[PDB]
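Since the structure comes first, as structure tokens, the remarks are kept for the end.
Numbering (the entry's author numbering), first residue to last: 1 to 207.
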């Protein structure tokens, strides 16, 4: 399956793609403002994620650091990135269907639209200004807006015991972006698409 990753932001981002234990495609690449990078993700990929990273520096071997989303200092991500990171999430060819969603469970750094480019389902979007409206105690000095599990490390925010409810913090994400997961046990906003669909992830989809 192809995912075209498009940076509509006015700033550079470094796209990253991983299923947690491996890169997807090259795993990572710089996208200047306006650039598009098309990756191929193997069918049957379960638990895939794509995200943006900001204010990165990499040396000639592709080692360095990003202020949001850093995946162990690599340009070419093989693991998930350091919060805060708005997440495009997908599981492909799961008993004949694709599942896609956006999640704010690991915080928010960059607005995002995640849409199929092929027929038979709708896209999801979290493009509100969550960084600018971020509650004081969630603001990441590094840039972006942390989820409350990252900041406070409690069973309630992290949903460790599997029994959590919504919180003042999760309700901020859900209000800014009703169509993204705001906490682990949020009512799902996962979209079911045809097996083997193709996709576009757009950073900063709106003005």
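Don't be surprised by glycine CBs; every beta carbon is placed ideally from N, CA and C.
Looking at the unbroken beta strand (DSSP E) that takes in residue i, where does it start and where does it end?
{"i": "residue 3", "result": "2-7"}
{"i": "residue 67", "result": "64-68"}
{"i": "residue 176", "result": "That residue, residue 176, is in no beta strand (DSSP E); its alpha helix (DSSP H) goes 168-176."}
{"i": "residue 116", "result": "112-116"}
{"i": "residue 36", "result": "36-40"}
{"i": "residue 202", "result": "199-203"}
{"i": "residue 126", "result": "124-126"}
Quick check on the DSSP output: the alpha helix (DSSP H) that includes residue i runs from which residue to which?
{"i": "residue 152", "result": "148-152"}
{"i": "residue 131", "result": "130-133"}
{"i": "residue 158", "result": "155-158"}
Looking at the strands, I want to know which residues DSSP matches up with residue i.
{"i": "residue 49", "result": "18 and 89"}
{"i": "residue 100", "result": "90 and 191"}
{"i": "residue 144", "result": "Per DSSP, none; premise fails for residue 144."}
{"i": "residue 23", "result": "18"}
{"i": "residue 183", "result": "In DSSP, residue 183 forms no bridge with anything."}
{"i": "residue 28", "result": "16"}
{"i": "residue 56", "result": "66"}
Using alpha carbons as the reference points, say which of the options lies closest to residue i.
{"i": "residue 185", "options": "179, 193 and 158", "result": "158"}
{"i": "residue 128", "options": "70, 141, 154 and 180", "result": "180"}
{"i": "residue 67", "options": "19, 12 and 47", "result": "12"}
{"i": "residue 90", "options": "34, 42 and 187", "result": "42"}
{"i": "residue 98", "options": "199, 192 and 111", "result": "192"}
{"i": "residue 20", "options": "105, 71, 182 and 200", "result": "71"}
Decide if residue i is buried, meaning its Cβ has at least 16 other Cβ atoms within 10 Å, or exposed.
{"i": "residue 53", "result": "buried"}
{"i": "residue 32", "result": "exposed"}
{"i": "residue 17", "result": "buried"}
{"i": "residue 205", "result": "buried"}
{"i": "residue 40", "result": "exposed"}
{"i": "residue 202", "result": "buried"}
- Do three or more CB pairs link the segment 159-175 to the segment 79-88 at distances below 8 Å? No, because fewer than three Cβ pairs between the segment 159-175 and the segment 79-88 fall closer than 8 Å, the two stretches do not touch.
- Item | Contact between the segment 90-99 and the segment 69-77 (3+ Cβ pairs under 8 Å) | Short answer: they don't touch.
- Message: Any contact between the segment 111-122 and the segment 143-152? By contact I mean 3 or more CB pairs, one from each, below 8 Å.
- Response: With contact defined as three or more Cβ pairs closer than 8 Å, the segment 111-122 and the segment 143-152 are not in contact.
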